[PDB]
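Here the structure comes first, spelled out in structure tokens, and everything after it is commentary.
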Amino acid sequence: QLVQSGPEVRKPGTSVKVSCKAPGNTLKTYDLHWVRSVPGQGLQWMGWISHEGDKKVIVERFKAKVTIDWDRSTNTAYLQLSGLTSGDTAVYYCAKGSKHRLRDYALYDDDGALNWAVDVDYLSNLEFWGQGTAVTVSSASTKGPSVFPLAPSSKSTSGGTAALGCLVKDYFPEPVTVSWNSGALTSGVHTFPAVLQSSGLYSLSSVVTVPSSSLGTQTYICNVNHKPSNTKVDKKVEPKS
Amino acid sequence: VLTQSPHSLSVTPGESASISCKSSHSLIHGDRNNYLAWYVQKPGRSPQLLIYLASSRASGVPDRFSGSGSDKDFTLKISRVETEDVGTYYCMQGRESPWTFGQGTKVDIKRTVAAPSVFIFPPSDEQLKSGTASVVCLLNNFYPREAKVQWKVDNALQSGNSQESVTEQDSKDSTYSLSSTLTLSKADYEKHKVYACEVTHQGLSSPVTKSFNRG
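If you're matching them up, the sequences are chains H and L in order. Residue numbers for the first sequence, in the authors' numbering: 3 to 52, 52A to 52C, 53 to 65, 68 to 82, 82A to 82C, 83 to 100, 100A to 100S, 101 to 220. Residue numbers for the second sequence, in the authors' numbering: 3 to 27, 27A to 27E, 28 to 212.
Take a look at the structure:
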């Protein structure tokens, strides 16, 4: 149970500030962590802050352009990406965790007093995670999606079942939500994830398999909504042979 | 390093799944403390904790999840696997700095093999009017996720001008769907006659070519 800020879109070279926190004064005794999730590349631990506040460590990869912080008065935590590149387009996770703190070294006075001591922190777990914040880095500008029909035909029919769909092409940025018959058509619907084209614009395909008995009987309209361009699109898919 | 195994995993429902994590160096400090944890990241969800200190179950975590091993060899065991458990699992160490994750393990629900019905869609008149040609091949409801797709234009296979995506595994029938999109210029599109989607899959008795004639 951790709440983070909404998704972010940045032109290259700029900076993005990401916030995250539990409700109120919940997990003050839990350490702050930041994990990076690149879709299809794995999980990445960036850095951490001790709940005591005597530690703030950042991994060499992110050392140059990343800042972590936490002002204890609002209890709220922050992550800062600067000098953004295209390779910084990833999902950023915050996490609260427990740990072990055991003294590894000690140096004493000649009369017994402790002169110097070093502690070592051992990660126990990351128990509480945030919803996640998506950061997108591109030179592209906001562009409304072109919607084209995937017509059902003789070639797109197997047995007694046919398939049609909408093709959402060349938009920016994500996300695009696709519906069929305003939510009335649910069974057999397959909406694939958007693919990043060579242009820098996304393309998306939403399909649904229907019996050929319905092609004349029923009407199949896809609703394509794209908030960033303030566009909602209704397109009717017909069988044109 | 942390080396997690296997890279991919498929479990017939109601069986047991064993994922391993192996450290080059010791993960024990002091008395008997193995600082290695296990996590899940289900599709569309944030990571969530399963096991910590090698063998300790987190709160609200089903009894089927267990941890074992020590020092170097570590194993996550999921038994009585259900549809809920599908996702990517990660191991994480907390001994040496910096703390790192495992490379991940895609856990999959294994069903009986299902061949895909392959569909094909020519470029619409609406899109051709806009000066671009996009050809779509659709493979529906198949298992496993591994499918090989090739685009032939005048029986010359296309390379570097197509890109595909797969749906997440459907919870109902445990199958996938693939949508490949071949993009061509309007000029190049009408300079060629036949367009085909050559699909190979385990379920298929023989490689399937869904083709249409331009015009």
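Don't be surprised by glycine CBs; every beta carbon is placed ideally from N, CA and C.
C-beta contact flag for residue i and residue j at 8 Å
i        : j        : result
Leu102/H : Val18/H  : no
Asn137/L : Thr188/H : yes
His35/H  : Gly95/H  : yes
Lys183/L : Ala130/L : yes
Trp71/H  : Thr97/L  : no
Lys207/L : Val78/L  : no
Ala93/H  : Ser39/H  : no
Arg12/H  : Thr112/H : no
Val174/H : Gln160/L : yes
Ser162/L : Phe127/H : no
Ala51/L  : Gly41/L  : no
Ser182/H : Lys148/H : yes
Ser18/L  : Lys74/L  : yes
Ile27C/L : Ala34/L  : no
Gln100/L : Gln6/L   : yes
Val186/H : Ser176/L : yes
DSSP three-state assignment for residue i, whether helix, strand or coil
i             : result
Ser20/L       : strand
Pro190/H      : strand
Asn160/H      : helix
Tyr186/L      : helix
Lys69/L       : coil
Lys74/L       : strand
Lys206/H      : helix
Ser84/H       : helix
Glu195/L      : strand
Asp122/L      : helix
residue 240/L : Because chain L spans 3 through 212 in this model, residue 240/L falls outside it and cannot be assessed.
residue 214/L : Beyond the ends of chain L as shown, which are 3 and 212, falls residue 214/L; an answer cannot be given.
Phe171/H      : coil
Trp96/L       : coil
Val40/H       : strand
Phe61/H       : coil
Chain B contact for residue i (CB, 8 Å cutoff)
i       : result
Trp96/L : The structure shown contains no chain B; its protein chains are H and L.
Buried versus exposed call for residue i [16 or more other C-beta atoms within 10 Å across all chains shown]
i         : result
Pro204/L  : exposed
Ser27A/L  : exposed
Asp82/L   : buried
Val37/L   : buried
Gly84/L   : buried
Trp100N/H : exposed
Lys134/H  : buried
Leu100E/H : exposed
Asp60/L   : exposed
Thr31/H   : exposed
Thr170/H  : buried
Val191/L  : exposed
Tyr32/L   : buried
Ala144/L  : buried
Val196/L  : buried
Assumed close pair residue i, residue j - CB separation to whole angstroms, cut-off 8 Å
i        : j        : result
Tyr150/H : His205/H : 6 Å
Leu179/L : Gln155/L : 6 Å
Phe71/L  : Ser22/L  : 7 Å
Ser171/L : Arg108/L : 4 Å
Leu129/H : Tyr199/H : So it is not a contact: roughly 10 Å between Cβ atoms.
Cβ of residue i within 8 Å of any chain H Cβ
i        : result
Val133/L : yes
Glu123/L : yes
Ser43/L  : yes
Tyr32/L  : yes
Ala144/L : no
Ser127/L : yes
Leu73/L  : no
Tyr49/L  : yes
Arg54/L  : no
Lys207/L : yes
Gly27E/L : yes
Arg92/L  : yes
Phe118/L : yes
Test: residue i CB closer than 8 Å to a CB of chain L
i        : result
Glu106/H : yes
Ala130/H : yes
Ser52/H  : no
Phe61/H  : no
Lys148/H : yes
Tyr199/H : no
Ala142/H : yes
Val58/H  : yes
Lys134/H : yes
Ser191/H : no
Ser103/H : yes
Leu45/H  : yes
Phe171/H : yes
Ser182/H : yes
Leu100/H : yes
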